Colleague: 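Would you mind keeping the following structure in view while I ask a few things?
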Amino acid sequence: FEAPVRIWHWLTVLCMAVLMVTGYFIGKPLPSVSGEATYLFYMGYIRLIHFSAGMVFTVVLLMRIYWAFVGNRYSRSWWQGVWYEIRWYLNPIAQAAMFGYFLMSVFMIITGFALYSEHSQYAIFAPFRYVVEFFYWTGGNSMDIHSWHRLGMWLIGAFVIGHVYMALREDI
Amino acid sequence: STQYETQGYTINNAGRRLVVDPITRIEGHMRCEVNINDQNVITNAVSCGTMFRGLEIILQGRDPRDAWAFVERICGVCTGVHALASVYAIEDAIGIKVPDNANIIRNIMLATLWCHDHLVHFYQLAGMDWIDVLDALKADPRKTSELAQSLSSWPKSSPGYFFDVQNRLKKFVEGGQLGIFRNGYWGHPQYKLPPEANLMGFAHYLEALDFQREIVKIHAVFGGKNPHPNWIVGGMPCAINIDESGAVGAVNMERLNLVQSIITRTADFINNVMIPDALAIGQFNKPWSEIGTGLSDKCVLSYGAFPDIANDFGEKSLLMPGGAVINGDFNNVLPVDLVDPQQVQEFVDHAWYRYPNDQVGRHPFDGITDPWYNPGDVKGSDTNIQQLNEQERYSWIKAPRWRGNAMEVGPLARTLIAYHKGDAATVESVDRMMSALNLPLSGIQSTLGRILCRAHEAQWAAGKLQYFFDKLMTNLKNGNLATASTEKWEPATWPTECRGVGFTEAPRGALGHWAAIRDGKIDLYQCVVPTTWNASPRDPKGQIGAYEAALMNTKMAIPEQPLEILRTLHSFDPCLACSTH
Amino acid sequence: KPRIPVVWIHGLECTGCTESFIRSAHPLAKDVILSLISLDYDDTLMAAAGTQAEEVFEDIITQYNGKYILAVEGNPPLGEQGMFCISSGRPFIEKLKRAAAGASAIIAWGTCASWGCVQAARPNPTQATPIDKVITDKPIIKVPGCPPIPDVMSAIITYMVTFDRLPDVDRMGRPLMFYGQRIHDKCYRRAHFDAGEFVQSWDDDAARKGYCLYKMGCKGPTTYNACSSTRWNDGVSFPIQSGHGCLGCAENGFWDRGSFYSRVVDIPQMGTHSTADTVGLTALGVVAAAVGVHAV
Amino acid sequence: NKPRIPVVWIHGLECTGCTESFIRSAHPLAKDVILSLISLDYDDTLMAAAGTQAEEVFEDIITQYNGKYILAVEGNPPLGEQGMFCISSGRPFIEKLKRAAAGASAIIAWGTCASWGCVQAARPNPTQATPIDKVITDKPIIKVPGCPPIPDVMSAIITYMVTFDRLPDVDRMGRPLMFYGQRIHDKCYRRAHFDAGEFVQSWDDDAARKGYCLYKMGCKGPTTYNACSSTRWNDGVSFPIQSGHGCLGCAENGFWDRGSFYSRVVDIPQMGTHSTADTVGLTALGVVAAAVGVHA
Amino acid sequence: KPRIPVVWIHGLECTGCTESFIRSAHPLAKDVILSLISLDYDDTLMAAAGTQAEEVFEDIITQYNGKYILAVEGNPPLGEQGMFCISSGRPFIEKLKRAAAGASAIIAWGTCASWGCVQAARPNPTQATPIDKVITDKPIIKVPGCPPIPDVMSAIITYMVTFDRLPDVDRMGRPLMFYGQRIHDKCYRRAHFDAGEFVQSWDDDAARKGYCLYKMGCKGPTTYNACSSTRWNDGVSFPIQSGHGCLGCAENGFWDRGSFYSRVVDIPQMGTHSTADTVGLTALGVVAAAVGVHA
Ligand code: HEM
Ligand code: SF4
Ligand code: SF4
Ligand code: SF4
Ligand code: FCO
Ligand code: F3S
Ligand code: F3S
Ligand code: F3S
Ligand SMILES: [Cl-]
Ligand SMILES: [Mg+2]
Ligand code: NI
């Protein structure tokens, strides 16, 4: 068994809200506590909720993308790119927004997993270890992965401020 | 050829030219050129820094709190001293006062570096100029033992021990793989130690090579690692916990016990191995108490160091005295001010840099580091220097002057300053040393004197270590544990614009960092480093620096083998990455 | 028996890597030099200078051509035709290339030779370049760190001598044995990290109990090295243990990765001091502007 | 000169491991402790006098320096067989202990033996071995547990008491806060693996060869207070976990009877980040794979 | 057993600190003097005067050299060669240095000895200088306040006698026990501060209900001392409790920190009820005015 099609959107939103709130505090952690670190795991739980929200998010996102593809794009190699451009200068800047949004999510996954699979996951995560070499090729290290990952989160939050105001503008 | 008069010297570049490139058994990259007359005497000397990195440029725009970490990498040999200067400077600019323990620990870090740096230089750098390593193969172990035991209390002196050392060396060479000893100057007539003294020396070289690693454990406790320990603006990051839960995660009694154990061992090695060896080289190389005087009987400089009163850099606080002497007038030790635009200035008219007017010197607050490699005609091409044109630009080192005077800095300089300021401990110490050598006080102002003063400094520093440690422990007994001031850590608390100076005495002499902060970022960062002073090129007056002065009038027994040049230069303990940064 | 010939050259450097090498506790640097290898050229330690030093260099690389190990400390500058670093009146890069040509393998000591280190930081006045950007036809073992751990340096040396082979390396050319894991993967303060127990300002109660230094900017989480296990100077300590966060000194371009004291750091390809919060919050406030202007 | 503080070191039922540990001290060396910090006036293991000469020393010290000496106690008294399970000078050891404690200013209880009872007190405690604090009730007793305690911890506690002229601050159990304030598990360099859910499952597996956590091999780190993970053993060379064996819990009361050493600790929170998130991912990947029809 | 010798000297001061000391409720100053220490020199209380007093001074610092505690009230003036404060025809600073030289530790009583206090305020006519600027080679325990709390003074004394050690101190040399926290962090009026409930003028309704004195210039938020917990004169009161804001009298250079009746700066302040009352009326007025009932 499964459910209605809007479940697989409210999920992503739930995942998104969690990956943001948690990922935020992985980089700018909450105030410090004090006790006996045997019985305390606050930061560890934030990271855990993050990685596994990122698991769910990743699965849902990829199935949700697989269908839009199979179904022609949306509506029920740079040619199409250069042509998207001519008709693009005349709602055409709103599609490129929803597209950029799904492009970010995938970037947040490629980068997010490069970090997660690092300490020798040694299985199906083998490709993500090109992302690392790439950032090294850039003349950087895995710290840059963290930085670009944190940036992606802010960029997503930008669309969300737009996409939310744009939706609430459908309070006709 | 050109001919001219400066500071009592005749600078004459006629005659034969000699090139020593690379200068080895120094830090970094140096090129030296000389001219000798028909008698084989040096009539012209050229000091050339053959490297540049540009830290002053790299520090532009960065966070003042990060500065120490960048500048520390100016030099891995005098590791830590630039970081000390940097935190001094930034704390001067912002107006930060560090806790007592933080100051004591910083003094310990400096003292530790003095002990380590002096020791390694004596044996691993300068040592083979005086010790004929291959001649040690001809020594009698039993006699070597008797010599060693006549000079020191040190336990490691058995005939069997020297025999073992001699055998290890003999085996080592019998393979033709002489390594670091290959193509040396062994058998040079200036090698004056008897075979037994060479064996003793070489054994101690090995002992020093081993033991130097232990000294820096003090840096590892308080600064995490060596080379390049860690520091913070506002004090030190090594929080102290003696008597409370979690002391395992801080500097505790056990950590302090380790520090105490290193201090004892360090003073013991310096006093009974290095000191007697320095004294021994003195006994066998007395003519060198009259060679390589240079500027040391004319102009010497010290900023002073080791503030014993926290945040007080005045005369009542610095345990190592500061001051300047010019024109050989050692009877008036002049006060030094690093803010005064009239005192410290740098000239680039003979260096590979650009000024709006290269005929004037710039105080570091007005400093400019604009590098341009422009050698002029160098009897070669631009990538094939056969001879530096010492008339024009010939070095990556700036030319520092104090009130227009060329100065010598370092252990000898400091000793003279302290001596003539009437520091009782210093006076007594120096007179004893010279009395033992049956030399006048003047004998210190020489190539030999530099080496002697360095050794004496190591002994001074080792003594100081224990002093500082005791000060720390007294604070701890009194419940004074604070190691940092956090109050003005946040850039929001800083003045919008401010500037400061950080100074201390590095192993090689007077060090200064000049820093200007604007809007929480570094607007200016200029460094004048001890070897910058000593290895300085000429100025618009044609005045020569410490190295060039010291090499003047020097007799060479064989010019195809620059042993006398090496002896004098090495006596300064050149650090070229420091000089150029 | 004969020992393997080693040529140790120096480019732009602070000589910290050489200094580290002689700190080795086991084996002692003394025993390495005397018994394990033949240190045939090394400016810092050799007796010969000038033309005598040059003769040694040419003689070693010629007589032991294709058989010696080249150890490289520092890096070559490309600026001013290479004359930012001059050796025997010529650009250091020529020496490097000449030495590399006859080497059977090359050791890149420290962050300098591996990556570029401090002189290569913005704006790299001299165009300091890591060795592997210049020498592309030789096996290069990167042993990064500023400097690397003394006993790591010697362990790598003893490995190559004893096992007569190069150590296995990661995709970056670093030996897996000491650089296969991150500091954060073996840091004794991890218990505090995961508990959310952090030092917030220097010398607070948290610092006095040895709490995690993540909020003080520790770059342990992204830095591969052995410091948290092997430790420094005969296992006495390492940066974090003495209360300062890891700077990331073993990592490529760590100098230009923002403040050492901040979690969110400079993105070089995007301005002078623009970080992910800078660029990110600017974009968030710019949409809020559009979203509130249009809504009136 | 200066007199040193008189120290009387007595031995009950023990293995003499604590005395051995004491002389392992790296800083200060045991030699210097004996020479300069204290006056070790009685100690069966080291003293020249035996028999009636030893008895005379004992009597003379505790009488002359009555109320002014420190009593160090290694081992513990047996209550069984009227105390004749441990006989000193033809009398029950407990009589010696009581006589020594009556004149002491303060008592140091070396090791788990004196602190708790250790191995001889394990089920069924044939001799009724009893910790010192159960016998002596009117004197300050500083418990320095461990089997044995860390050498440098022992000397540090001694140097503390000499230098600062006072007893170290203690928990409710009498252990010095300085070294027993935290758990092994809270300063263990393998926490990263614990926290990730990366465990050794059997000896010398790939996990063990990478130095993964030993929680599932029975490590009692999570319930053991000691300094082994920070201070470390034998001049900071190693500690049990670092050399691949889990903590036995040897600093803790009755640790011998807390089940097998290879049995997992209980009531310790443990939820791995990567272990949980790997499960969450496959659970979701497998739910989808089932619905699509590419199950297995 | 003999009692620890204490030498109590006086520089430029008001004798407020000596007065405070004798206010001690527990232990009584009487019992401190008879049973806990040996107050061997103290100009205010000793019988001997002139040459007799000088003889006592010399005898104590000689006989008990290296073993006595030096208690310092007031401070030395550097102006006029030190002759702004004259003791036995000579500058007080000479007696200070002499007494310091033989002391094992120095207690700097009050703001005067610790910092400078009122005489060091602008323009410091006599160049009054705190003890730690003059004596640099001795442990100095600063016990600031004008004067310090009587029972804090005696508690510090009893600590050093009973525990035979100096109290742990901050980086400023203040005993952590009584100076580790700010007045504002233990003030019984913090509820009002946090609510935004302030006295605005003297004897208003807010003052008669014991509201916060932040707006009346209370320097509590920047002052380290124990007045809000230990309180004054056997726990009877402290400045804020009797309706006056903290002057900051335990802090360095507090006399020159602007008027006492001027608000303190860079202290975060955001009321709970003062903010929520504002958000409410902003919303209610936007609403009531739209409906039409602005009246
Ligand atoms: C909308 C998608 C996501 C958002 C908004 C998000 C947000 C964040 C943020 C802000 C950080 C902190 C970066 C820093 O300051 O260092 C972070 C860390 C991280 N994220 Fe994500 N993330 C997302 C997706 C993912 C995914 C799919 C994964 C894959 C498992 C992932 C794995 C990680 C990891 C491994 C870290 C750092 C863990 C650590 O070392 O503590 N993220 N995330
Ligand atoms: S101090 Fe650094 S390496 Fe250690 S646990 Fe914290 S972040 Fe990780
Ligand atoms: S269970 Fe043991 S091995 Fe694992 S982190 Fe805890 S103390 Fe270390
Ligand atoms: S400002 Fe003054 S009256 Fe108000 S809470 Fe703070 S200390 Fe008390
Ligand atoms: N000593 C030293 Fe290095 C130089 N010159 C510095 O500073
Ligand atoms: S700063 Fe470098 S020394 Fe190790 S702890 Fe970090 S890699
Ligand atoms: S067994 Fe004992 S030795 Fe330490 S590691 Fe556990 S407390
Ligand atoms: S005025 Fe002084 S008395 Fe206390 S309340 Fe303020 S510190
Ligand atoms: Cl030794
Ligand atoms: Mg400079
Ligand atoms: Ni240097």
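Atoms within a ligand are numbered from 1 in the order they appear, just like the ligands themselves. Reminder, nothing fancy here: chain letters follow the sequence lines and each chain counts from 1.
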Colleague: Please determine whether a side-chain nitrogen of the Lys or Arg among B:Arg106 and B:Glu91 lies less than 4.0 Å from a carboxylate oxygen of the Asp or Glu.
Modeller: yes
Colleague: Can you measure from NZ (E:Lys219) to CZ (E:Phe260) and round to the nearest 0.5 angstrom?
Modeller: 8.0 Å
Colleague: Give a yes or no on whether a salt bridge exists between B:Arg508 and B:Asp117, defined as a side-chain N under 4.0 angstrom from a carboxylate O.
Modeller: yes
Colleague: Does B:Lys464 form a salt bridge (charged side-chain N to carboxylate O under 4.0 Å, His left out) with B:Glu457? I'd like the steps, not just the answer.
Modeller: CA-CA 10 Å; B:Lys464 279 309 173 263; B:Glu457 274 205 339; over 6 Å; no
Colleague: Do the charged groups of E:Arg257 and E:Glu251 touch, with an N to O distance under 4.0 Å?
Modeller: no
Colleague: Check B:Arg362 with B:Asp366, please: is the shortest side-chain N to carboxylate O separation under 4.0 Å?
Modeller: no
Colleague: Start with the C-alpha gap between B:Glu408 and B:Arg450, add the side-chain angles, then the distance that decides, and say whether salt bridge (charged side-chain N to carboxylate O under 4.0 Å, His left out) holds.
Modeller: CA-CA 11 Å; B:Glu408 169 164 340; B:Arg450 283 177 200 98; 2.8 Å; yes
Colleague: Write out the protein residues near ligand 4, meaning a non-hydrogen atom under 4.0 Å from one of its atoms, in order of chain and number.
Modeller: E:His184, E:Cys187, E:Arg189, E:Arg190, E:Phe193, E:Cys212, E:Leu213, E:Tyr214, E:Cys218, E:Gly220, E:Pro221, E:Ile240
Colleague: Show your reasoning for whether salt bridge (charged side-chain N to carboxylate O under 4.0 Å, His left out) applies to B:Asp358 and B:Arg393.
Modeller: CA-CA 11 Å; B:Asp358 68 12; B:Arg393 285 165 215 266; 2.6 Å; yes
Colleague: Does C:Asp43 come within less than 4.0 Å of B:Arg25, counting only side-chain N to carboxylate O?
Modeller: no
Colleague: Rounded to 10°, how many degrees is the angle NE2/B:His581-the Mg ion (ligand 10)-O/B:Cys527?
Modeller: 100°
Colleague: I'd like to verify the contacts: list protein N, O or S atoms under a distance of 2.8 Å from atom 3 (Fe) of ligand 5.
Modeller: B:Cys78 SG, B:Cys578 SG
Colleague: Determine, using ring centers only, whether B:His29 and C:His10 are less than 6.0 Å apart.
Modeller: no
Colleague: Would you check if the Mg ion (ligand 10) lies under 2.8 Å from any N, O or S atom of B:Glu56?
Modeller: yes
